[PDB]
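Chain by chain, the residues run as shown.
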6 protein chains.
Amino acid sequence: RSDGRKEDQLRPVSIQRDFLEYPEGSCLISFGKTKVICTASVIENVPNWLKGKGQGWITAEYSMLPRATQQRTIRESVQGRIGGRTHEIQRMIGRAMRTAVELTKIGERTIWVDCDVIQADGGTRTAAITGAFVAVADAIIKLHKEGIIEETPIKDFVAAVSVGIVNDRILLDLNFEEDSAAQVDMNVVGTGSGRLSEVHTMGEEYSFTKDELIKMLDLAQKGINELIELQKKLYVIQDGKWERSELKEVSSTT
Amino acid sequence: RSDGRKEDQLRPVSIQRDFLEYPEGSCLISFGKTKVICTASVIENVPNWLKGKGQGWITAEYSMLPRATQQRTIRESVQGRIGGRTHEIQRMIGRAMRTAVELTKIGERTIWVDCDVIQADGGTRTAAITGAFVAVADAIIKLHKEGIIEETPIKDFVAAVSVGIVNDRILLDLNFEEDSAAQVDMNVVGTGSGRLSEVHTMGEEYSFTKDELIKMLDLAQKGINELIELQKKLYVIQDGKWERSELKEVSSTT
Amino acid sequence: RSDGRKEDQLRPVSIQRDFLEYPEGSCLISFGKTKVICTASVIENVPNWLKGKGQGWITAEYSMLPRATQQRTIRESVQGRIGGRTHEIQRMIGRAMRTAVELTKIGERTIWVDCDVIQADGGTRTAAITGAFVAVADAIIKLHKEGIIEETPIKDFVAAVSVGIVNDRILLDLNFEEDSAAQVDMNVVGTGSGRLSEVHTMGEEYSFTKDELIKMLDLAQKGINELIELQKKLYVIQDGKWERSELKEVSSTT
Amino acid sequence: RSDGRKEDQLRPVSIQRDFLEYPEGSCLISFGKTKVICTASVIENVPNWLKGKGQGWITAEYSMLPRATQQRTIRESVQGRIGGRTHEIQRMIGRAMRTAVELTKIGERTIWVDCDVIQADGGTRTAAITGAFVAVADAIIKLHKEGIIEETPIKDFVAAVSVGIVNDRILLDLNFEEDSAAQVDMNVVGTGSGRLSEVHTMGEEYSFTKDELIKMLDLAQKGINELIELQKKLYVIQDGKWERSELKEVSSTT
Amino acid sequence: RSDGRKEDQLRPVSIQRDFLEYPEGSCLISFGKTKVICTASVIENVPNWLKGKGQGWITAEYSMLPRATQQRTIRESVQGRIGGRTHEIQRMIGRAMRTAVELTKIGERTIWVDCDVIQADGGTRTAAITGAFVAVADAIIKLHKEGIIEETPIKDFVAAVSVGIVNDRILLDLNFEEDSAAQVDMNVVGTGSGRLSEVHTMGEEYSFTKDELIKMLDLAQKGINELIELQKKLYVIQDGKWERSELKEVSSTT
Amino acid sequence: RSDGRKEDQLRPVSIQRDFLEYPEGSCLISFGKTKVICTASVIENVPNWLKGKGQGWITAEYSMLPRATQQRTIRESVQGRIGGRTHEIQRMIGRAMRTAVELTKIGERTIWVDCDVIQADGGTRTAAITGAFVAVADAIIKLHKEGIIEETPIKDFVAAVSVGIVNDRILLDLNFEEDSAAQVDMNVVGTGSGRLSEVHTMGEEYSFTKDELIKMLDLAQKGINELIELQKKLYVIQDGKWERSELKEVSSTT
């Protein structure tokens, strides 16, 4: 590989919690040059279609600072048109966070997740999912510690990774060059207990076989395991009770 | 199932070509109550980033008439905000059509695919992919017959189907009620030669196992086979040469 | 005329009711190559300025699929700017439907009319008015049959036709070439009892005389009569009681 | 009538030319409380579809200051959505100006007409057409005087008036109360030589007869004559040569 | 100076009240060729964040007719994007009006200020502030005279002027050419009692000294005094009681 | 003061350069809880109105992540309307950067400055100006080091600070509570050589005196001096030649 990384090998991962002071939960996560600030903020209200239904909600906002992929990514603000890509990813991130939380026990409140890509080199949405989880878990633990809620209703860890087929090679965690050069690429969202939350595989003018898909899904699930092993070092859990470990930062030894 | 259909059974499928006179290719396809007008029109130009590169292009526009799911689906016109869902599906449809055509041999022109959902009851995007293929193939055959291009550069058939897990049952081709009630659901885009172009599986606050995913991918590939067997009755192909059969309409015998 | 049609002669008209299953009323109407899907759906509510005023409402949405006039008509969605033309026609269609119904007796509900032009070759808005009436009448008859309302409060038939002056010839029902080549053209919306609901005459850089206008208004009213004679074959009316005839389709014998 | 005006009687009309210094042509016209600033500015260019075609163009922009009809008319700016009504009227005004000018002889330039309603009490679009003509004529006369063009290619005067049926009375030049209370109302755009440029008649949930339409078209044409007699006092024309009279202001004696 | 005006000399100022009939207050103010219609209209309501708080509000809308600076200033309507400049000025004008009124005593109602630039040649926002005050004062005096409110809660006069450094000369009240050619320019909003409400000084790629700023602020305050002396001729005030003088128009003698 | 800070005392300032790898220049600057990522990226092109004019350009984009002031600041993306506040600040930041650079010597290229507020507690735009300068200087030094340009055409340091009058106290560098509670507040943009680039003072329904303004401008200029003394520790300059010092981070000793 370009950067001398093995095919079934992730880039250097780094997750730093308590990145910012104001949000209930926050972290700066990085997969190589890809960097994402993930924050979780509690809004003491709920969408209207949920009112009175004894449940909370989680929603996500994603944004890519104009300086991404060492190119230009002008925001959906001072430009006009609003990309349907940003929404696709926001919906993804929201779906991952919601799958991981028992919203029943969160109360009639909303956790507003914000993923700000401050540097892009491929895999920015999976890095955002992986980091967003940390921020959401921390925010729920914070809410508990503040007595706003009884327990810490977090179902399981959640992480994501990309995998692709490049020049007929199956690669894990693609940077931006490998991804643009890919025949087939995909995104997997998995849980701590080894299950899956989402898998999107797309042929880029090339088609693939069911078996190629399984090979990829297998390498991805291994990537999710490594990412979740990192995430696990930040918590001390017992019988569904979540507390933060004393680590403020975890990183892959590579 | 609600409608008395088996679990591994599709709804009544119907594809009618030559639905309209003006487009090079067009059809009305239906999966049960879900109905979609698919048209393919040739625009004698190409996007700017493609100019001079000796290649053609295919792009898709999708729209859902205000009367969908027996509810309201006001267009992205007299409303303002533009859904990122419509774009997700348009990109999908475009990716499927492009995978199926050798754009190199189409010339510096663009095939504009339009999918108009005139009635929605689940699986509207897969019905659109299945129908869009027919319209695109017909348009390429038309272009050939008009002498605009030498051959009929169509690589293979392309169809799509949805599958899901509902009350722990794995169901094929979900209508709107089964889909809203689903724990896990997915969309598969496959080719005539049995390969895959795209697969998107999403847990709806439930997670699934790799094996459950394979079971689903297996039922889906069988659905794609049936859909492609229908599509095949509309063409007579030999050594990469495509002509239309004399059928103007094909339907599953159910 | 280009198509060998007399000057005071309409193109082949065709109206097919029950085109779709979900809407209370629906039809596919065609004036030559111009084709429009017209549906009428009941929304169990009313605009706010009408609440509590013991009255119902009718509103229309019009849209022209990207493949119109064998050219490009990209929707007011994935483009941005919203044409003031679409609104002009929607307001027109709404005004025609409302003139024909005694909204007092419809209840505090709204009939949402949707006109989807699936093929355009001139006269698409008059075809939409003519077809929209059928869909609205059917929807009111349906509402009655479902016991939602007591009577079938339809005041009279409503249809529309275009007429123009081309190379100093006064022509009825203009296709797209005759219209672009016209010095003066107009749209008339008339009722079954021979009255008028709307008439818009526009000089296209040419001016006309009051007498030329009367000649045109006269030919148009004859076109409305023929269109209404077709529409009449679809209903059996007596003392303000409306039922559908057994025809599912009516067409001009030409 | 509310204001003691006869039925076939206009409100006090006033046209003041040279209202502003910067535009080639400009005036403040008033029909009762309805007041409109009309300016005509020359832009030394043409729309792209006209380039090289040896012709000029005229286009109009209409706007209604937030304080109209003694109510609120917030602009299509700090609100978002853009009304399809403003466009309907802009297209109307542009069509009237273009019908009156021989664009062939104007050169490859554009006359930008701006109608700013500074006070609204009915008939604001007809007042704008009547006033816009004065501004356009003046601008063409100015262009001639500056030697930019050879002749003053103005075909004829152009004015507009509204008429309606209120409580079964046919009234000329409706203010805002008469218009809201009208069963039928219309707008006529006529020329100096007694011809017509545009006529739009709309039943407001009431239908009318061809003869009622003629009665209205007759009263309107008389209103156009009076308005054009005022406009004529501002020019001295001979053999298609236009010069301004010494009047800076003209008003109906009432 | 270009127009033969001294450096510490304003252009000819003119303020005409009762410009229009419908608004509670209105005037046409002019600074040289720069002309602005300023109207004040009472809306019998308040923004939601103010409800029940026993206070009124003042908000402003600013717009520049397409014919400004003898160039093109197409509105924020039939263009799309909405300038952040118009908002900057609207907020400014609103802040000036609010500083001058004791909103506590105005009641739970809103004064809607509209500034319509009908001709631009520099200093259009300061002319708008100066004129808007007159319209607001008149509207409050009107409200009092109609018995809607007890007193006339106007704190003090408010006016504005621009000043700049051009070719190292400090000039008062810049027209459009002096402003575009300026190294430093600013806007001051002052009160009758000689105080300040707002001051914005901007280096245009040139920086300035604190002392240069004071020199400018000094010339500006003198310009505000002259403008307020004009404004004062339109009112007769005593012990916080405001009545209009018999002047309908005031102008600088120059 | 709330946080025990003196009145003429800044919050703890921190500037970290080389914050990110991809941009030519970048830093994370902080004024208390207010934190802003400032990046400078070179775009090898120029706006059209500048082409061929032998000059470069600098433009800025500002954005406030949804989690600001421990509240909600949803971007100008998935919301619709685009704030005129963001533009006011972007224009400000661009004006400050341009005043500090000799664009003549930068070449026909553009420096794209991006200020991303990742945490807001008052003074976010002044923190952005102060930090943006560092990123721009670094980017120019980088461009020089890469041989793209001959010299390092930076005219002088540029920094900004806010000051206000709160409960009649004149305070330097206001946090969010002091600012909302302020009678008068302002923003000053000054240079290393002690000059000024911009000063905006606004009465918040209170007016102030010229002398109060001078007192404030005096405290602000002292704040700019301290901020510039920090900035200076990051560079080693001689005869207009700029190199970076070995500091990667500088902070006020407080």
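Here the numbering of residues is sequential along each chain, from 1 in written sequence order, and it may depart from the entry's numbering. Residues without coordinates do not appear. All chains are assigned letters beginning with A, and all ligands numbers beginning with 1, in the order in which they are written. Remark: hydrogens and water are excluded; side-chain values derive from all non-hydrogen atoms of the structure.

**Q** In this structure, what is going on with the interface of chain D and chain E? I would like to understand it.
**A** How big an interface is tends to be stated in terms of accessible area lost as the parts join. Working rule for contacts: check all heavy atoms of both residues, and any pair within 4.5 Å makes them a contact. Across the contact, 37 residues belong to chain D and 37 residues belong to chain E. Buried area is calculated as the accessible area (1.4 Å probe) missing from two parts once they are joined, with the contributions of both summed. Carbon and sulfur atoms make up 59% of the area that chain D and chain E hide from each other, which totals about 3,100 Å². Of all residues in chain D, the largest losses of buried area upon contact with chain E belong to D:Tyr22, D:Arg67 and D:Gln119, amounting jointly to 23% of the total for that side. Salt bridge criterion: a side-chain nitrogen from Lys or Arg within 4 Å of a carboxyl oxygen from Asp or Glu. Connecting chain D to chain E are four salt bridges. With its nearest N and O atoms 3.1 Å apart, the salt bridge here joins E:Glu21 to D:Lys35. Identification of polar contacts relies on pairs of N or O atoms within 3.5 Å, with a donor-acceptor requirement for protein atoms, meaning one able to donate a hydrogen and the other able to accept it, and with residues adjacent in sequence counted only if both atoms are side-chain atoms. Joining chain D to chain E, the criterion identifies twelve residue pairs in polar contact.

**Q** Looking at this structure, I do not really get the UniProt feature "binding site: phosphate" in chain A. What am I missing?
**A** Residue and element names in this part refer to chain A. UniProt positions are given in the numbering used here, feature names are shortened, and annotations may be inferred rather than shown by experiment. Those places that UniProt annotates as "binding site: phosphate" correspond, in this numbering, to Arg85, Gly123, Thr124 and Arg125. These annotated residues cover 41 residues of sequence, but their C-alpha atoms sit close together, with the largest distance between any two at 14.0 Å. Mapped onto the secondary structure, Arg85 falls in helix α1 (residues 84–100). Under the scheme applied here, a residue whose accessible area is under 20% of the maximum for its type counts as buried, over 50% as exposed, and between as partly exposed, the area being computed with a 1.4 Å probe on protein chains only. Residue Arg85 is classed as partly exposed on the basis of its relative accessible area, which comes to 30%. Secondary structure is summarised from DSSP: a helix means a run of H or I of at least four residues, a strand means a run of E of at least two, and numbering begins at the N terminus for each.

**Q** How do you make sense of the pattern of salt bridges when you look at a structure like this?
**A** Two side chains bearing opposite charge may form a pair once their charged atoms approach each other closely. All names here are of chain B. A full pass over the atoms with the stated rule returns 108 salt bridges over all chains. With its nearest N and O atoms 2.8 Å apart, the salt bridge here joins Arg109 to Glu44. Separated by 65 residues along the polypeptide, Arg109 in the loop between α1 (84–100) and β5 (110–119) and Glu44 in the loop between β3 (34–43) and β4 (57–64) bring together distant segments of the chain. Residue classification places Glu44 among the exposed residues on the basis of a relative accessible area of 52%.

**Q** Teacher, can you tell me more about the interface of chain A and chain B here?
**A** Each side of the interface is counted separately: chain A has 36 residues, and chain B has 36 residues. In total, chain A and chain B occlude about 3,100 Å² of area from one another, counting both sides; carbon and sulfur atoms represent 50% of this. Looking only at chain A, the three residues that lose the most surface to chain B are A:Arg195, A:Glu205 and A:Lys210, adding up to 19% of its buried area. Taken together, the connections running from chain A to chain B amount to four salt bridges. The tally of links from chain A across to chain B stands at twelve residue pairs in polar contact. Contributions of two or more residues to the side of chain A that touches chain B are made by α1, β9 (196–203) and α4 (210–232) of chain A. As a working rule, the residues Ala, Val, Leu, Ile, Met, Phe, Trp, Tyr, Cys and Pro are called nonpolar, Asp, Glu, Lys and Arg charged, and the rest polar, with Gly in that last group. A class-by-class count of the residues in the side of chain A that touches chain B yields eleven nonpolar, eleven polar and 14 charged.

**Q** Before we go on, may I ask you to explain the packing of aromatic side chains in this structure?
**A** The description of two aromatic rings rests on the distance between their centres and on the angle between their planes. A pair of aromatic rings is counted whenever rings of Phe, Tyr or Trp (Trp by its six-membered ring) have centres within 6.5 Å, and the orientation is called stacked for planes under 30 degrees apart, edge-to-face for over 60 and tilted otherwise. For the coordinates displayed, the defined rule picks out 36 aromatic pairs over all chains. Arranged with centres 5.9 Å apart and planes meeting at 70 degrees, the rings of C:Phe157 and C:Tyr235 form a pair that is edge-to-face. With C:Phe157 in the loop between α2 (124–145) and β6 (158–166) and C:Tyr235 in strand β10 (residues 235–238), this residue pair connects regions lying 78 residues apart in the sequence. Geometrically, the ring pair formed by F:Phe133 and F:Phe157 is tilted, given 5.5 Å between the ring centres and 45 degrees between the ring planes. Within this pair, whereas F:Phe133 is found in helix α2 (residues 124–145), its partner F:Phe157 is found in the loop between α2 and β6 (158–166), the two being separated by 24 residues in sequence. Exposure remark for F:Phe133: the relative accessible area of 1% places this residue in the buried category. Here, over-ring charges are defined by two tests on the NZ atom of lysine or the CZ atom of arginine: distance to the ring centre within 6 Å, and angle to the ring normal within 35 degrees. In this structure, C:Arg17 packs its charged tip against the face of C:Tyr235, placed 5.1 Å from the ring centre. F:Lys232 extends its terminal NZ or CZ atom over the ring of F:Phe157, reaching a point 5.7 Å from the ring centre.

**Q** Would you explain the sheet that holds strand β2 (residues 25–31) of chain B in this entry?
**A** Working definition: the strands of a sheet are paired by backbone hydrogen bonds and lie parallel or antiparallel to each other. Residues and elements named next belong to chain B. Here the rule is simple: two strands pair whenever DSSP picks up at least two bridges between them. On the basis of which strands lie adjacent, the open sheet formed by six strands has the order β4-β5-β3-β2-β1-β12 and mixed pairing. Both outer strands of the open sheet, β4 and β12 (249–251), are each paired with one neighbouring strand and no more. Adjacent strand axes in the sheet meet at a mean angle of 15 degrees when their direction is disregarded. In terms of strand pairing, β2 meets β3 through seven bridges, oriented antiparallel. Counted as the bridge partner of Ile29 is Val36 from β3. Helix-sheet contacts for α1 involve β4 and β5, and the interaxial angle to β4 is about 145 degrees. Packed on one face of the sheet, helix α4 (residues 210–232) meets β1 (13–17), β2 and β12 and runs near 30 degrees to β1. Helix axes are fitted to C-alpha atoms over the stretch in contact, other axes to C-alpha atoms as well, and angles between N-to-C directions run from 0 to 180 degrees.

**Q** Before we go on, may I ask you to explain the relation of the copies chain A and chain B in this structure?
**A** In this structure, two copies of a chain are linked by a rotation about an axis accompanied by a shift along it. When chain A is fitted to chain B, the residual RMSD is 0.0 Å, and the transformation amounts to a turn of 180 degrees plus an axial shift of 0.0 Å. Classification of the inter-copy transformation places it as that of a two-fold axis. With an isologous cut-off of 70% or more, the 100% of interface residues of chain A that recur at the interface of chain B puts this contact in the isologous class. Least-squares superposition on the C-alpha atoms is how the copies are aligned.

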